[PDB]
2 protein chains.
Amino acid sequence: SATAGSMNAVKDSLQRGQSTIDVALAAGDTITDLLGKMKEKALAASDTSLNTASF
Amino acid sequence: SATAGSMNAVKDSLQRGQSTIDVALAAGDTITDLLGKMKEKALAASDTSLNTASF
């Protein structure tokens with residue numbers, strides 16, 4: 001009965017880790033969006049046709 | 001007749017020992033529940049993901 005009643009702490013630790021991973025995945029989605037946008041900005045800046053103010 | 005009448009003290013001693021053992025068994029039930037709660041506390045505190053306050 002003691003070993004069976006000890007399981008609640010384990011389940012709580014797993015839910016806590018799942019919540020931390022969810023927050024990390026949300027932050028990673030934001031980082032991926034910003035990364036794609038900077039890749040667009042860099043590919044646009046790489047062209048030699050642009051002038052100084054656009055650059 | 002003296003040996004037959006002498007047995008009341010023996011019966012009283014056995015009953016007194018049974019009573020003492022019952023008190024010890026109640027205290028042991030309480031100590032067992034407390035030990036199980038301590039196991040749950042230490043097992044919850046083993047996790048590294050907790051912040052200082054919960055620990």
# chains A, B, ... in the order shown; residues from 1 in each chain; ligands from 1
$ interface_residues --of "chain A" --to "chain B" --cutoff "6 Å" --atoms "only C-alpha atoms" --output "VMD selection string"
chain A and resid 2 6 9
$ calpha_fit_and_write --fixed "chain A" --moving "chain B" --output "compact mmCIF listing (two decimals) with C-alpha atoms, in the first residue's frame"
# COMPACT_ATOMS: atom_id res chain seq x y z
CA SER B 1 -0.06 -0.04 0.04
CA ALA B 2 2.84 2.33 0.69
CA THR B 3 4.37 1.62 -2.71
CA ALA B 4 0.94 2.06 -4.32
CA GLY B 5 0.39 5.39 -2.57
CA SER B 6 3.87 6.63 -3.47
CA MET B 7 3.08 6.93 -7.21
CA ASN B 8 1.33 10.31 -6.94
CA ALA B 9 4.68 12.10 -6.74
CA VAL B 10 5.84 10.32 -9.89
CA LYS B 11 2.69 11.34 -11.74
CA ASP B 12 3.12 14.93 -10.56
CA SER B 13 6.73 14.99 -11.74
CA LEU B 14 5.82 13.68 -15.19
CA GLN B 15 3.04 16.27 -15.50
CA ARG B 16 5.45 19.03 -14.45
CA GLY B 17 7.91 17.94 -17.12
CA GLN B 18 5.18 17.89 -19.75
CA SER B 19 4.25 21.45 -18.79
CA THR B 20 7.86 22.63 -19.04
CA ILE B 21 8.20 21.01 -22.46
CA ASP B 22 5.02 22.74 -23.67
CA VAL B 23 6.39 26.13 -22.62
CA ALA B 24 9.64 25.35 -24.45
CA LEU B 25 7.67 24.33 -27.55
CA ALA B 26 5.80 27.65 -27.60
CA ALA B 27 9.07 29.55 -27.29
CA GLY B 28 10.52 27.43 -30.08
CA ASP B 29 7.60 28.20 -32.37
CA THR B 30 8.24 31.90 -31.83
CA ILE B 31 11.99 31.50 -32.41
CA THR B 32 11.30 29.54 -35.60
CA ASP B 33 9.07 32.26 -37.05
CA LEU B 34 11.70 34.85 -36.15
CA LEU B 35 14.45 32.78 -37.78
CA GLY B 36 12.41 32.51 -40.97
CA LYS B 37 11.92 36.27 -41.06
CA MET B 38 15.67 36.71 -40.56
CA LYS B 39 16.32 34.37 -43.48
CA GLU B 40 14.03 36.48 -45.65
CA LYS B 41 15.81 39.67 -44.54
CA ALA B 42 19.31 38.37 -45.24
CA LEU B 43 18.20 36.89 -48.57
CA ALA B 44 16.66 40.21 -49.62
CA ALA B 45 19.80 42.04 -48.48
CA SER B 46 22.11 39.77 -50.49
CA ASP B 47 21.16 41.57 -53.73
CA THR B 48 23.68 44.11 -55.07
CA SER B 49 21.01 46.24 -56.80
CA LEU B 50 19.70 47.73 -53.54
CA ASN B 51 20.56 51.28 -52.55
CA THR B 52 22.12 52.06 -49.17
CA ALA B 53 18.85 53.04 -47.48
CA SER B 54 16.99 49.77 -48.11
CA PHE B 55 20.08 47.81 -47.06
$ select_by_dssp --residues "chain A" --states "alpha helix (DSSP H)" --output "PDB file with C-alpha atoms, in the first residue's frame"
ATOM      1  CA  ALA A   2       2.892   2.377   0.652  1.00  0.00           C
ATOM      2  CA  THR A   3       4.525   1.598  -2.697  1.00  0.00           C
ATOM      3  CA  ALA A   4       1.151   2.079  -4.402  1.00  0.00           C
ATOM      4  CA  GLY A   5       0.579   5.397  -2.638  1.00  0.00           C
ATOM      5  CA  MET A   7       3.012   6.856  -7.315  1.00  0.00           C
ATOM      6  CA  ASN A   8       1.293  10.255  -7.069  1.00  0.00           C
ATOM      7  CA  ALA A   9       4.598  12.120  -6.751  1.00  0.00           C
ATOM      8  CA  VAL A  10       5.875  10.379  -9.884  1.00  0.00           C
ATOM      9  CA  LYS A  11       2.768  11.307 -11.850  1.00  0.00           C
ATOM     10  CA  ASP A  12       3.091  14.900 -10.642  1.00  0.00           C
ATOM     11  CA  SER A  13       6.715  15.071 -11.770  1.00  0.00           C
ATOM     12  CA  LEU A  14       5.745  13.782 -15.212  1.00  0.00           C
ATOM     13  CA  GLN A  15       2.993  16.383 -15.594  1.00  0.00           C
ATOM     14  CA  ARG A  16       5.434  19.088 -14.462  1.00  0.00           C
ATOM     15  CA  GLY A  17       7.926  18.002 -17.107  1.00  0.00           C
ATOM     16  CA  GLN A  18       5.197  17.943 -19.749  1.00  0.00           C
ATOM     17  CA  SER A  19       4.217  21.508 -18.844  1.00  0.00           C
ATOM     18  CA  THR A  20       7.826  22.686 -19.065  1.00  0.00           C
ATOM     19  CA  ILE A  21       8.157  21.007 -22.462  1.00  0.00           C
ATOM     20  CA  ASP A  22       4.956  22.704 -23.653  1.00  0.00           C
ATOM     21  CA  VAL A  23       6.294  26.126 -22.685  1.00  0.00           C
ATOM     22  CA  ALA A  24       9.546  25.294 -24.473  1.00  0.00           C
ATOM     23  CA  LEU A  25       7.675  24.281 -27.633  1.00  0.00           C
ATOM     24  CA  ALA A  26       5.745  27.560 -27.648  1.00  0.00           C
ATOM     25  CA  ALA A  27       8.971  29.536 -27.307  1.00  0.00           C
ATOM     26  CA  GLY A  28      10.518  27.426 -30.060  1.00  0.00           C
ATOM     27  CA  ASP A  29       7.632  28.200 -32.394  1.00  0.00           C
ATOM     28  CA  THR A  30       8.225  31.904 -31.801  1.00  0.00           C
ATOM     29  CA  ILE A  31      11.971  31.480 -32.381  1.00  0.00           C
ATOM     30  CA  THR A  32      11.364  29.584 -35.627  1.00  0.00           C
ATOM     31  CA  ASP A  33       9.086  32.349 -36.901  1.00  0.00           C
ATOM     32  CA  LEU A  34      11.712  34.989 -36.125  1.00  0.00           C
ATOM     33  CA  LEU A  35      14.413  32.826 -37.729  1.00  0.00           C
ATOM     34  CA  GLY A  36      12.488  32.478 -40.974  1.00  0.00           C
ATOM     35  CA  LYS A  37      11.843  36.210 -41.040  1.00  0.00           C
ATOM     36  CA  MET A  38      15.538  37.012 -40.598  1.00  0.00           C
ATOM     37  CA  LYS A  39      16.398  34.498 -43.308  1.00  0.00           C
ATOM     38  CA  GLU A  40      14.069  36.440 -45.596  1.00  0.00           C
ATOM     39  CA  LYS A  41      15.704  39.727 -44.575  1.00  0.00           C
ATOM     40  CA  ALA A  42      19.165  38.285 -45.238  1.00  0.00           C
ATOM     41  CA  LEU A  43      18.230  36.848 -48.633  1.00  0.00           C
ATOM     42  CA  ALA A  44      16.788  40.232 -49.576  1.00  0.00           C
ATOM     43  CA  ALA A  45      19.871  42.117 -48.353  1.00  0.00           C
TER      44      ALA A  45
END
